[PDB]
Amino acid sequence: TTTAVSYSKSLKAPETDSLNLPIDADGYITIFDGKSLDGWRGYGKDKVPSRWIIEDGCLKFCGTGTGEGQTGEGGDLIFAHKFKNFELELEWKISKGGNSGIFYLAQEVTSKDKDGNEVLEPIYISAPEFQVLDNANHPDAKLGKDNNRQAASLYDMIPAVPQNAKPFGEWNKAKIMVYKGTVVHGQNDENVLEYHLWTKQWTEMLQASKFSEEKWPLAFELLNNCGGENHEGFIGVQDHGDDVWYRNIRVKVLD
């Protein structure tokens with residue numbers, strides 16, 4: 008049993024092509040089983056970046072330790088199918104002192120520079136992030152406010168309560184549910200936070216972040232109207248310069 012899943016092949020391209028992916032009895036579509044990277048491509052790219060590989064049934068990023076300073080063969084990886092109301096489930100394993108993340112409702116955003124040239128804007132200026140971290144050894148675990156930069160948090164906004172991440176080198180379960188603006192983060196079979204998009208509280212959360220109206224006007228208008236006019240976007244995984252493994256990536260479309 009499979010379902011036709013549309014996907015785009017390059018920057019802002021339409022979802023002209025389709026894949027027949029496994030769908031279970033409960034409606035969960037396997038978007039990564041460890042057999043291929045079909046449907047996946049680099050954010051703003053027409054190919055899978057070379058540093059993203061299939062290692063022993065796992066999706067692995069081969070980092071160089073440069074953090075946010077992504078290499079030419081790196082960059083964030085998206086599953087090029089736009090989702091709206093969905094429930095994502097996966098397992099992740101982080102390297103010691105490692106950092107990554109799961110992006111959702113992401114848009115491929117470009118902006119015009121001084122000479123009028125098209126510039127690719129980061130995935131994080133449009134996409135909320137589920138933090139992936141070695142809480143014990145990465146310094147980000149001590150930054151922000153009330154541990155809101157630790158594993159499964161809404162990065163720099165809402166902490167995961169309880170903070171039940173397993174240590175580095177152990178498989179952690181992750182859950183992201185988006186249902187008509189209601190967002191729930193799950194970790195190791197527990198709900199760790201909930202929030203609501205396109206509300207007064209969402210706007211005031213953005214005004215107290217790096218993506219405030221005054222600091223980043225483009226990031227503000229994109230995140231304030233998260234998912235664009237259709238409130239939809241891509242699920243992606245982050246290049247934060249560290250080795251990270253993902254497996255059993257499945258998505259249920261919510262009606």
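Just so you know, we're using the working numbering here: the sequence shown kicks off at 8 and counts up by one. Virtual Cβ for every residue (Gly too), placed ideally from N, Cα, C.
Sorted by chain position, which residues of the same chain lie with C-beta nearer than 8 Å to residue i's C-beta, five sequence neighbours on each side aside?
| i | result |
| --- | --- |
| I36 | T10, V12, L28, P29, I30, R257, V258, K259 and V260 |
| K180 | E96, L97, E98, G193, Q194, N195 and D196 |
| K187 | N92 |
Mind checking whether residue i and residue j have CB atoms under 8 Å apart?
| i | j | result |
| --- | --- | --- |
| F86 | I38 | yes |
| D83 | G243 | yes |
| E115 | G51 | yes |
| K173 | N195 | yes |
| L204 | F218 | no |
| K100 | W252 | yes |
| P224 | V199 | no |
| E239 | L97 | no |
| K103 | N144 | yes |
| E80 | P56 | yes |
| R48 | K16 | yes |
Once you ignore the five residues that flank residue i on each side, which residues in its own chain have a CB closer than 7 Å to its CB?
| i | result |
| --- | --- |
| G46 | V12, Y14, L26, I38, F86, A87 and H88 |
| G70 | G248, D249 and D250 |
| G41 | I61, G64, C65 and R254 |
| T73 | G248 |
Mind checking which residues open and close the beta strand (DSSP E) that includes residue i?
| i | result |
| --- | --- |
| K187 | Run containing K187: none; DSSP gives neither H nor E here. |
| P29 | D24 to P29 |
| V168 | Per DSSP, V168 belongs to no beta strand (DSSP E) and is neither H nor E. |
| residue 265 | Nothing can be reported for residue 265, as the shown portion of the chain is limited to 8 through 262. |
When you compare the CB of residue i with every CB in chain D, is at least one pair closer than 8 Å?
| i | result |
| --- | --- |
| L44 | The structure shown has no chain D; it contains just one protein chain. |
If you count every other CB in all the chains shown that lies within 10 Å of the CB of residue i, and 16 or more means buried, which is it?
| i | result |
| --- | --- |
| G123 | exposed |
| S133 | buried |
| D33 | exposed |
| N232 | exposed |
| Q245 | buried |
| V190 | buried |
| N237 | exposed |
| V139 | buried |
| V126 | exposed |
| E177 | exposed |
| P166 | buried |
| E221 | exposed |
| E94 | buried |
| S107 | buried |
| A226 | buried |
Take residue i and list the residues in its own chain whose beta-carbon comes closer than 6 Å to its own, dropping the five residues that flank it on each side.
| i | result |
| --- | --- |
| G151 | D163 |
| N142 | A148, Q157, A158 and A172 |
| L66 | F39 and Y253 |
| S160 | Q138, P166 and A167 |
| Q77 | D246 |
| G235 | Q114 |
| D120 | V126 |
| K182 | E96 and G193 |
| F110 | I130, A134, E136 and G243 |
* Give, in chain order, every unbroken run of the alpha helix (DSSP H) that is at least 4 residues long and sits entirely within the region 173–253. => Listed in chain order, the complete alpha helix (DSSP H) runs (minimum 4 residues) inside the region 173–253 are 207–214 and 224–231.
- Report the residue ranges of all alpha helix (DSSP H) runs contained in full by the region 35–98; include only those spanning at least 4 residues, in chain order. Look at the region 35–98 and you find no whole run of alpha helix (DSSP H) that is 4 residues long or longer.
Runs of alpha helix (DSSP H) lying entirely within the region 98–153, each at least 4 residues, in chain order: Uninterrupted alpha helix (DSSP H) stretches at least 4 residues long and entirely within the region 98–153 do not occur.
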